[PDB]
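Each remark here refers to the structure printed beneath this line.
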Amino acid sequence: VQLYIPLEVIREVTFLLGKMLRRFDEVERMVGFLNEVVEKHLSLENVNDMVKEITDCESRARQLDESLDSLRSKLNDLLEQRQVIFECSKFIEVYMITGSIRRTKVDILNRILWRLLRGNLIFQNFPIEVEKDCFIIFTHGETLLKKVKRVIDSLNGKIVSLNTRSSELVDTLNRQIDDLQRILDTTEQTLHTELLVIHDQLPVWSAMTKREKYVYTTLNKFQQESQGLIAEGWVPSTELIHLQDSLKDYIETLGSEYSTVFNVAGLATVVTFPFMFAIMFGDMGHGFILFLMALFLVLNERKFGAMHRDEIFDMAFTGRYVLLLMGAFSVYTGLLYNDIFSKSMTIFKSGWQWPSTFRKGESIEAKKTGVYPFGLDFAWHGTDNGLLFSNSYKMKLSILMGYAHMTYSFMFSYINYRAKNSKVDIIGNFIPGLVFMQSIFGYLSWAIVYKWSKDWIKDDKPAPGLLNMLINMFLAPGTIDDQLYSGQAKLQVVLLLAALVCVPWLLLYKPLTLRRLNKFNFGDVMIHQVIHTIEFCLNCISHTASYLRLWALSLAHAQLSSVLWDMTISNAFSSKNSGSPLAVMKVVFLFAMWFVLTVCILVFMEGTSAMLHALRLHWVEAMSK
Amino acid sequence: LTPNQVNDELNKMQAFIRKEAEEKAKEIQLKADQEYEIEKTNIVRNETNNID
Amino acid sequence: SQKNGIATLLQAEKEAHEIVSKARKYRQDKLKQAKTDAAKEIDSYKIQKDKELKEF
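If you want it as structure tokens, here you go:
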């Protein structure tokens, strides 16, 4: 859009747009000086009279600080002169030069005076307690006495000649140390009196300048053509009517009759992201721990809101409601599985009974009595082929839930093209996408359910393989080795032709009917639709195989929680030494080793990976349809 | 907002614009009356002293 | 009536300028008059002096 702001209403429109320069650089420097002194120890008139009290106080604070550090230096110049008298009357009590020097130059002054006077000196040093040092020279002779002083005064040594007494200058110097220390105690008291009205006022003086400089930096970006600024810049289309309703009401409510000219997926995430998390993170024990450490942050969200959060805990507390749902769904799905710290729950009645009379150590099967009511069955726990059944179940679970997520997020594209009122986009992208996706992987997801529906043992029919059914649906059409339903060989040809007819149709409908409605770059539409067709037909295969990470990370979580239990607390269970101190400290130490490993790996450094994988399943597999 | 409301805002704005311009122009011509008299007074006094 | 009103306001500020200028020209003229009417004011006082010489 393009605004036109007159000069009468210019600051008001700029401060309105802010809510919807060397001067304030200098004043920013002065507020920085006031911020350094404390650490060291609006209308135009309402800014113009507060910049006055910034400057009028910066001046007195600078002169009072510069009359304080230069007075502290004069104090130390007398405290260094008292010590070189105290440490050189002591040397006589145990042609000589006495003075002060920095400690880093004592050795180089010793070497220069030893190279000047060839020998001929007795050089001492006594540390004054920047760090400094005293020195005594004993220049034995003459004619170099004014030349030793050109060594001392060159590298900033301050000679202290006394020539009267070591007890009469000390009184006249202590009569100045305290007399100047009282001036320190006066001016520093005045300093701390001045800083009281400033330390509680700097967040106003600073925050005025930080936004006033920000106003003028933006006002430099405008045009200034014909005694009126032209503001050209970007605004989203949702906020156009908000600008045209807020700028119109504001210029009229203040008078000044010269009007301006104004020319020109996280809502399905809220359930699916914790649920796609929970499919990978399936356990009632780890899920209850994560729900509990989330509910600790939800119930304490008032004490943690008014608190400084570092980045990791700001990440953890900003999402205190993503983790509550990620625990609440993990309890549900780990009650669907029998996985409570990788153990089973014998809640309901089993659908499998074991034989009563069997030899010890032999391999036995179970006879099917019924079906387990809610969730997976608990007679698959200590089972040799239980992992094959869990592989089949979780693979087909991942296929069906990825199919459901993709065909749910693909309808939002139709709702978008319907809200845009573009039937060309509907018939060019949604329908050839719908009857391409549903004719292949909708058929796969239907075939999984239909194989689950049939018995295949009471019927005495071979159970078909569904991998080499979809392999043979594209390679050898019409040839069905294991028949899955009546009329399969002729319906799969119809579905194959319905899928293959939408590869030219999705690629050729929209550019050839945008070209027909111009009777616009045809090269920018045809190449884009070829890329869209290749990308979509690739991704329909590439995402239904990428949703199998819901089975991958679930298998990884279940097997790691099993082989951690089996290494830690399956060793602690023994019917020998019942009640012994060693046999109970064994259980204590192995429970501690189990619990810290579960919390450190299987919650924090495993559920974070499950969280990020349910995140990329939204960012790519759902937010591309 | 709507055509009645933007025009109501217009009427108010030009009312202030026009009024202010009237006051500003008034003060310049009011100082003009005055400056004519003070200057005339001085010029006339100097000459009357030469004449006298 | 949005872009019909903007046109009225751009005009009004121009008019505001002009109203002010009309007064600004008037002020400059009133100063020139001060010198001229002061020059006319002196050849009426020179005859008021000559009057009282002839009377004398």
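Sequence lines, in order, name chains a, K and L.
Numbers 16 to 35, 58 to 78, 111 to 163, 238 to 272, 282 to 416, 453 to 707, 766 to 871, taken from the entry's author numbering, label the letters of the first sequence in order.
Numbers 8 to 59, taken from the entry's author numbering, label the letters of the second sequence in order.
Numbers 2 to 57, taken from the entry's author numbering, label the letters of the third sequence in order.
A virtual CB, placed ideally from N, CA and C, is assigned to each residue, including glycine.
For the options a:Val349, a:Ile552, a:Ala466, the alpha carbon positioned closest to that of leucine 512 (chain a) is the one of a:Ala466. The Cβ-Cβ distance between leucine 144 (chain a) and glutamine 333 (chain a) falls below 9 Å. Using a Cβ-Cβ cut-off of 9 Å, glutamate 30 (chain K) does not count as an interface residue toward chain a, since no Cβ of chain a sits closer than that to its own. Here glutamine 775 (chain a) is buried: its Cβ has 16 or more other Cβ atoms, across all protein chains shown, within 10 Å. In this model, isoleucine 628 (chain a) and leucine 672 (chain a) are separated by some 16 Å (Cα to Cα). Chain-ordered, the chain K residues with CB closer than 9 Å to the CB of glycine 407 (chain a) read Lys19, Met20, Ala22, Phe23, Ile24, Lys26, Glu27. Excluding sequence positions up to five before and after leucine 524 (chain a), its CB lies within less than 7 Å of the CB of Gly563, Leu564, all in the same chain and listed in chain order. In the three-state reduction of the DSSP assignment, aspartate 285 (chain a) falls in the strand class. With respect to the 9 Å criterion, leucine 307 (chain a) and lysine 248 (chain a) are classified as neighbours on the basis of their beta carbons. Per DSSP, the continuous alpha helix (DSSP H) segment holding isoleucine 123 (chain a) begins and ends at 119-162. Taking 9 Å as the cut-off, the beta carbon of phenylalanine 662 (chain a) is found closer than this to the beta carbon of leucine 684 (chain a). Here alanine 798 (chain a) is not near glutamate 852 (chain a), since their CB atoms are 9 Å or more apart. The bridge partners DSSP lists for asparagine 57 (chain K) come to none.
For the region 2-36 of chain L, the residues whose beta carbon sits under 7 Å from a beta carbon of chain a are, in order, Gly6, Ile7, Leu10, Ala13, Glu14.
With respect to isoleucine 20 (chain a), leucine 381 (chain a) sits close: the two C-beta atoms are nearer than 9 Å. In terms of beta-carbon proximity, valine 13 (chain K) lines the interface with chain a, with at least one pair separated by less than 9 Å. DSSP assignment within the region 788-833 of chain a yields the following whole alpha helix (DSSP H) runs of 4 residues or more, N-terminal first: 795-814. Counting along the chain, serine 243 (chain a) sits inside the beta strand (DSSP E) bounded by residues 241-245. Per the coordinates, the alpha-carbon of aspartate 44 (chain L) lies some 15 Å from the alpha-carbon of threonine 48 (chain K). Restricting attention to a:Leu796, a:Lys555, a:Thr667, the CA atom closest to the CA of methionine 657 (chain a) is found in a:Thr667.
Counting only residues of its own chain and dropping the five nearest sequence neighbours on each side, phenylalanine 624 (chain a) has a CB closer than 6 Å to the CB of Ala687, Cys690. With respect to the C-alpha of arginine 129 (chain a), the residue from a:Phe155, a:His344, a:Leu314, a:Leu297 having the closest C-alpha is a:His344. Residue-level contact by beta carbon holds for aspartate 401 (chain a) and chain K, with a gap shorter than 9 Å. Note that the C-beta distance between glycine 293 (chain a) and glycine 242 (chain a) is not below 9 Å. With a cutoff of 9 Å on beta-carbon distance, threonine 29 (chain a) and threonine 370 (chain a) are scored as near each other.
For the pair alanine 35 (chain L) and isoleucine 50 (chain K), the CB atoms are nearer than the 9 Å cut-off. For the 9 Å CB-CB criterion, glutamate 409 (chain a) and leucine 37 (chain K) do not form a contact.
Looking at the DSSP output, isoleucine 20 (chain a) sits in a beta bridge with a:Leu381. When rounded, the separation of the alpha-carbon atoms in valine 830 (chain a) and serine 538 (chain a) is 35 Å. DSSP lists a:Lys555 as the bridge partner or partners of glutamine 541 (chain a). For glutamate 16 (chain K), the chain a residues whose Cβ falls inside 8 Å of its Cβ are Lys400, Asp401, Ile403, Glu404, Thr405, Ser411, in order along the chain. According to the DSSP assignment, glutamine 341 (chain a) belongs to the alpha helix (DSSP H) that extends over 321-346. Pairwise C-beta distances place the region 698-705 of chain a in contact with the region 602-616 of chain a, as three or more of them are shorter than 8 Å.
The region 545-554 of chain a makes no contact with the region 505-522 of chain a; the number of CB pairs closer than 8 Å stays below 3. Listed along chain K, the residues sitting closer than 9 Å to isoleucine 43 (chain L) by beta-carbon distance are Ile50, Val51, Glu54, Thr55, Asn57, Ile58.
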